[PDB]
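Chemist: A single structure is presented below for examination.
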Amino acid sequence: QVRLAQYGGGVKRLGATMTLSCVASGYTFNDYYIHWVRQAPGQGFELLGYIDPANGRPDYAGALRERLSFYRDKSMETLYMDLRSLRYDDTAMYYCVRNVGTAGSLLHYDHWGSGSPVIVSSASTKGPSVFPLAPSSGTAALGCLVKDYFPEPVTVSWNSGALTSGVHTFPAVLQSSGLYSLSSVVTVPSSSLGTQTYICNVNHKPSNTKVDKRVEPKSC
Amino acid sequence: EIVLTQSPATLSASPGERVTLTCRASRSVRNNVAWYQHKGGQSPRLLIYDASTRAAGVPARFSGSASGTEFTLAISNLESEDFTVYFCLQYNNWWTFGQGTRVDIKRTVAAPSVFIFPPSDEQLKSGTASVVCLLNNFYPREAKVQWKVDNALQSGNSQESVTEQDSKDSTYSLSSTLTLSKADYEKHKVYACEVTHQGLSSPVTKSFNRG
Amino acid sequence: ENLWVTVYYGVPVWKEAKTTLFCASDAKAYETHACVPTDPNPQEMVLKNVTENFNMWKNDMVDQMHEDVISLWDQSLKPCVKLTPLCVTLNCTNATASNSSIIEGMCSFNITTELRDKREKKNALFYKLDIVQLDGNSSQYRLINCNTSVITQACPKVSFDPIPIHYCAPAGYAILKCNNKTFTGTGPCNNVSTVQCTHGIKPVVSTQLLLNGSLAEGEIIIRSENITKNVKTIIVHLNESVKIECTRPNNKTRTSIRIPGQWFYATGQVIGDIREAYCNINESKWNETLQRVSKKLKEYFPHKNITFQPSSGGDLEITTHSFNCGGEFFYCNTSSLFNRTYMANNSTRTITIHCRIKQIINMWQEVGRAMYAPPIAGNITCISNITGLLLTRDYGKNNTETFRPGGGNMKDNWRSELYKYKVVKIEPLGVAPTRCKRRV
Ligand SMILES: *[C@@H]1O[C@H](CO)[C@@H](O[C@@H]2O[C@H](CO)[C@@H](O[C@@H]3O[C@H](CO[C@H]4O[C@H](CO[C@H]5O[C@H](CO)[C@@H](O)[C@H](O)[C@@H]5O)[C@@H](O)[C@H](O)[C@@H]4O)[C@@H](O)[C@H](O[C@H]4O[C@H](CO)[C@@H](O)[C@H](O)[C@@H]4O)[C@@H]3O)[C@H](O)[C@H]2NC(C)=O)[C@H](O)[C@H]1NC(C)=O
Ligand SMILES: *[C@@H]1O[C@H](CO)[C@@H](O[C@@H]2O[C@H](CO)[C@@H](O[C@@H]3O[C@H](CO)[C@@H](O)[C@H](O[C@H]4O[C@H](CO)[C@@H](O)[C@H](O)[C@@H]4O)[C@@H]3O)[C@H](O)[C@H]2NC(C)=O)[C@H](O)[C@H]1NC(C)=O
Ligand SMILES: *[C@@H]1O[C@H](CO)[C@@H](O[C@@H]2O[C@H](CO)[C@@H](O)[C@H](O)[C@H]2NC(C)=O)[C@H](O)[C@H]1NC(C)=O
Ligand SMILES: *[C@@H]1O[C@H](CO)[C@@H](O)[C@H](O)[C@H]1NC(C)=O
Ligand SMILES: *[C@@H]1O[C@H](CO)[C@@H](O)[C@H](O)[C@H]1NC(C)=O
């Protein structure tokens with residue numbers, strides 16, 4: 001019955017100040033505390049802070065007392081994060097959570113919001129640089145490197161979608177500079193390096209650019 | 001302060017069976033411990049609070065217990081939908097989270113096929129020459145890759161990626177990348193990726209030479 | 001052998017249960033409470049060799065009298081004027097007094113009066129806290145809460161004040177007191193005693209600390225929940241009173257605006273030169289009390305330092321000490337008072353603190369309803385006795401804990417006083433065996 005809608009997110013530029021909003025729907029707004037949790041990729045969850053919506057009392061983590069701010073509006077029952085001076089490590093999935101508590105103590109969390117992903121980078125919309133990784137020369141693998149494209153997603157296929165034997169398009173990795181890169185691989189017989197033709201089809205919908213790269217010629 | 005060390009990282013079972021996850025606390029937390037089920041992208045759901053009490057609307061096949069400074073999550077009738085991440089939480093003090101644990105499909109032991117990929121000459125013209133290692137069709141998740149250039153260990157300046165578990169034969173595929181510049185690519189002649197997996201009997205290493 | 005059943009009436013045993021509690025009144029009153037209910041004289045007896053568990057968190061009558069306070073406030077505020085037609089657009093320039101930035105409403109507007117012919121121009125005096133700025137030109141202004149709720153003026157001659165109230169048990173229900181001195185808010189008392197009704201609990205409304213209350217028996221007592229270290233509010237009860245002196249130095253001119261039989265009250269003009277209202281604290285009593293409180297709090301926490309800061313964020317009800325005195329509501333800067341630290345190993349000097357006062361106050365637990373305080377003429381002086389603190393804690397880290405004031409929820413203030421009592425239901429029909437049959 002209760003729902004925690006979240007708004008704001010997507011891509012934010014480096015060094016800027018960002019705002020997230022949440023709306024609670026179906027319960028007594030003054031009764032429950034609200035906590036703000038986040039998850040970086042490849043890391044466990046950690047708590048930023050919490051807010052009492054009744055009197056606006058916040059509390060913050062030790063390492064982030066200077067960069068955060070919480071507040072709320074009681075009439076539209078809306079809650080807001082402000083985070084100042086975004087840095088590259090803040091790439092995370094952000095959630096609000098409702099907290100169950102007694103008259104004197106706080107307890108487990110019950111509900112989790114829909115969330116709001118945040119990608120921090122200062123990079124323009126750009127097509128992919130495509131580098132044909134050389135075939136291994138009974139089963140031999142060949143692949144390709146997609147590098148420095150923004151934003152997500154990217155489409156990779158082989159032989160115009162025909163060569164599907166062991167296609168493994170790995171998930172996109174955000175580099176330190178603020179750009180995405182990944183490696184796409186496929187496996188063929190070792191003799192087929194000398195006979196079969198190879199196409200790495202890369203398409204980028206936001207920049208809308210498509211290159212069918214030659215991975216075949218360095219069969220050496 | 002409090003560190004919840006969840007254990008192990010990965011558990012494997014067939015559908016319908018029983019499975020058991022452990023959460024080790026750094027010190028005494030009384031029984032202010034909860035367990036949550038994490039869906040594949042959606043909002044996580046509360047399973048168990050106060051270390052033994054099943055929450056409302058939760059299926060009855062879930063169970064949980066406390067053993068002092070150790071907490072146990074048991075699933076009796078593990079379904080196909082239940083192959084997901086679960087994590088342990090504590091609230092005796094300031095709030096901390098464990099690493100979580102993925103439950104995947106059990107199958108037989110599968111050895112990785114390993115390939116090494118030199119930097120492309122297009123990448124040399126760009127100058128961002130990076131080396132690729134590939135492991136294909138292995139089981140389980142335990143596997144480990146190291147990077148050695150001129151038999152010298154490289155760490156930090158590398159990336160890893162794992163495919164999702166294959167829906168047909170339950171195996172896995174892992175790529176790793178050693179990022180370097182042109183000048184960093186010039187100091188060494190012999191490049192190698194060293195692969196250790198429980199399916200393999202040894203740290204099998206693939207290698208190549210420059211030029 | 002030869003035992004048979006027997007029944008006994010008037011059995012001294014009880015259970016714990018919820019009930020509705022009765023209340024008392026006073027002879028003199030403001031004039032539902034003014035003449036009712038009865039005003040009896042209570043007596044107390046000691047239950048010798050009786051041990052009983054108490055818990056000041058789980059007990060129910062705190063919520064009951066919280067509802068009673070809300071209901072009495074609503075019934076008192078019900079026969080009052082609604083200030084709806086004052087929500088028209090205000091044009092304020094605010095340059096009449098010697099200094100204008102202190103108060104910043106001095107605001108003309110149109111109001112219907114006594115004919116419903118056409119609205120007439122009037123002007124009044126207001127505080128900038130109760131005034132919000134509309135869009136566009138800055139000289140346009142609006143009342144603060146009229147975008148959210150209706151605002152009612154309190155009639156000045158029916159003003160409610162901390163009249164002491166006795167809570168009477170109904171028939172068949174008994175009240176237990178726990179006269180032990182070192183009661184910790186939970187656990188078994190071996191000093192149980194019974195009354196018919198409680199003493200004179202006053203409806204005190206205050207934030208960041210409580211005042212005009214009772215005093216502890218031994219030294220300073222600390223009450224807190226013990227389910228987890230993550231606590232909402234920790235109550236500190238003093239064994240020694242400290243005196244506070246509050247003052248609003250200026251005199252004010254009440255003016256009346258006629259809207260039918262109602263008569264709206266506003267401020268006309270401040271008399272004389274402007275001075276900012278302020279409060280005074282005996283410095284030696286305050287710092288000695290803080291030292292005693294910190295060195296008593298480190299019993300719970302073994303090896304970590306103790307450090308104080310004022311609260312951050314939120315509305316003025318938690319960033320400042322807010323209370324009522326006379327007919328006027330005060331908000332007191334407490335930044336200088338709570339700046340201390342201590343390592344874990346009689347009336348000289350006076351701290352003065354600056355204040356601000358505002359007329360439109362929300363209900364002290366709830367938004368979506370607000371009331372307008374009437375202006376009070378003349379200078380106001382107040383003296384009060386502060387009896388305890390309501391504190392919260394930060395996380396902190398190794399070697400250092402951190403405690404800061406809080407307590408926006410008004411219910412914990414009354415929970416700081418009704419910790420003694422508990423209500424039990426009498427079960428007088430215990431059966432027994434005996435060595436006797438019945439006549440046949
Ligand atoms: C009609 O009625 C309403 C309800 O009664 C009146 O109240 C207004 O409602 C709107 C809509 O909810 C609010 O707008 C929001 O304001 C947020 C903050 O804006 C100002 O307030 C801050 C002061 O409060 C806090 O200050 C600091 C941190 O800022 C804390 O430490 C402190 O404890 C306080 O809690 C100012 O500091 C701040 O700089 C602003 O001046 C906005 O953040 C909020 O979300 C927006 O956030 C981003 C832009 O900042 C962006 O993502 C979006 O635009 C997003 O919308 C939102 O705008 C009003 O604040 C609120 N006014 C109040 C409460 O006084 C309303 O006034 C009334 N209409 C008229 C005409 O009077
Ligand atoms: C805590 O305890 C202290 C100690 O008693 C207490 O201070 C006293 O408060 C009362 C009421 O707030 C004050 O009494 C006022 O005194 C002035 C001067 O004598 C009177 O003019 C006042 O009369 C008002 O009310 C009348 C009836 O409505 C009106 O006709 C009249 O015009 C006034 O508006 C009122 O009786 C008293 O002076 C102080 N001080 C002392 C030393 O008694 C304090 O209020 C308690 N509570 C709190 C929250 O601190
Ligand atoms: C009450 O205690 C405080 C804290 O010890 C005293 O404040 C200190 O006063 C000395 C000089 O008297 C200053 O050098 C310190 O910097 C003050 N510390 C502060 C403000 O934190 C205060 O003087 C004491 N008051 C009385 C009347 O004894
Ligand atoms: C009050 O209770 C405490 C709890 O142990 C006890 O130590 C103390 O002696 C009691 N007070 C009296 C006067 O017996
Ligand atoms: C507390 O005292 C220190 C002393 O240097 C001062 O720097 C700080 O601003 C003070 N804080 C408050 C809230 O008064």
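Residues in the structure tokens are named by chain (A, B, ... in the order shown) and by number from 1 within that chain; ligands are numbered from 1 in the order shown.
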Neighbouring residues of residue 44 (chain A) were defined as those with any atom within 7 Å, considering only C-alpha atoms; residues of the same chain fewer than 6 positions away were excluded. Please report them as a list in words.
Modeler: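 With the cut-off at 7 Å, the set is residues 97, 98 and 99 of chain B.
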Chemist: Give me, as a list in words, the set of residues whose atoms come within 7 Å of any atom of ligand 5, counting only C-alpha atoms and all ligand atoms.
Modeler: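 So the residues close to ligand 5 are residues 309, 310, 335, 336 and 339 of chain C.
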Chemist: If we count only C-alpha atoms and set the cut-off at 7 Å, which residues sit around residue 78 (chain A), ignoring sequence neighbours fewer than 4 positions away in its own chain? Please answer as a PyMOL selection string.
Modeler: chain A and resi 21-24+72-74
Chemist: Excluding residue 60 (chain A) and residues on its chain fewer than 4 positions from it, collect all residues at most 7 Å away from it, counting only C-alpha atoms, and give them as JSON, numbers by chain.
Modeler: {"A": [48, 49, 50, 64, 65]}
Chemist: Would you write out those residues with N, CA, C and O atoms, as a PDB file, in the first residue's frame?
Modeler:
ATOM      1  N   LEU A  48      24.150   7.008   4.640  1.00  0.00           N
ATOM      2  CA  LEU A  48      24.530   8.415   4.634  1.00  0.00           C
ATOM      3  C   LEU A  48      23.972   9.145   5.851  1.00  0.00           C
ATOM      4  O   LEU A  48      24.718   9.800   6.584  1.00  0.00           O
ATOM      5  N   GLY A  49      22.670   9.040   6.083  1.00  0.00           N
ATOM      6  CA  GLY A  49      22.083   9.701   7.231  1.00  0.00           C
ATOM      7  C   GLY A  49      20.606   9.400   7.336  1.00  0.00           C
ATOM      8  O   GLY A  49      20.062   8.582   6.591  1.00  0.00           O
ATOM      9  N   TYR A  50      19.962  10.077   8.286  1.00  0.00           N
ATOM     10  CA  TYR A  50      18.527   9.922   8.461  1.00  0.00           C
ATOM     11  C   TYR A  50      17.901  11.238   8.892  1.00  0.00           C
ATOM     12  O   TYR A  50      18.583  12.169   9.330  1.00  0.00           O
ATOM     13  N   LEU A  64      30.819  12.532   6.132  1.00  0.00           N
ATOM     14  CA  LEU A  64      30.130  13.360   5.148  1.00  0.00           C
ATOM     15  C   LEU A  64      29.253  14.432   5.786  1.00  0.00           C
ATOM     16  O   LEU A  64      28.191  14.750   5.242  1.00  0.00           O
ATOM     17  N   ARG A  65      29.667  15.002   6.920  1.00  0.00           N
ATOM     18  CA  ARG A  65      28.855  16.025   7.570  1.00  0.00           C
ATOM     19  C   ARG A  65      28.847  17.346   6.805  1.00  0.00           C
ATOM     20  O   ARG A  65      27.872  18.097   6.908  1.00  0.00           O
TER      21      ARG A  65
END
Chemist: Excluding region 149-158 of chain B and residues on its chain fewer than 6 positions from it, collect all residues at most 8 Å away from it, counting only C-alpha atoms, and give them as a list in words.
Modeler: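 So the residues in contact are residues 176, 177, 178, 179, 180, 188, 189, 190, 191 and 192 of chain B.
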Chemist: Identify, with DSSP run on backbone atoms, the residues in region 187-357 of chain C assigned to strand (DSSP E or B), and express the list as an MDAnalysis selection string.
Modeler: chainID C and resid 187:189 193:195 197 201 206 209:211 221:223 231 234:248 251:258 263:271 278:282 305:308 321:325 328:332 341:342 350:357
Chemist: Kindly work out which residues sit at most 9 Å from ligand 1, using only C-alpha atoms and all ligand atoms, and give the list as an NGL selection string.
Modeler: (:A and (7-8 or 18-21 or 56-58 or 69-82)) or (:C and (132-135 or 141-149 or 312-315 or 319 or 368))
Chemist: If we count only C-alpha atoms, which residues of chain C reach to within 8 Å of chain A? Please list them as JSON, numbers by chain.
Modeler: {"C": [57, 148, 224, 225, 227, 228, 230, 231, 232, 233, 312, 313, 314, 315, 317, 318, 366, 367, 368, 394, 395, 396, 397, 408, 409]}
Chemist: Extract, using only C-alpha atoms, all DNA, RNA and protein residues at most 9 Å from residue 267 (chain C), discarding same-chain residues fewer than 2 positions from it, and format them as a list in words.
Modeler: residues 106, 124, 125, 126, 252, 253, 254, 255, 256, 265, 269, 270, 374, 375, 376 and 377 of chain C
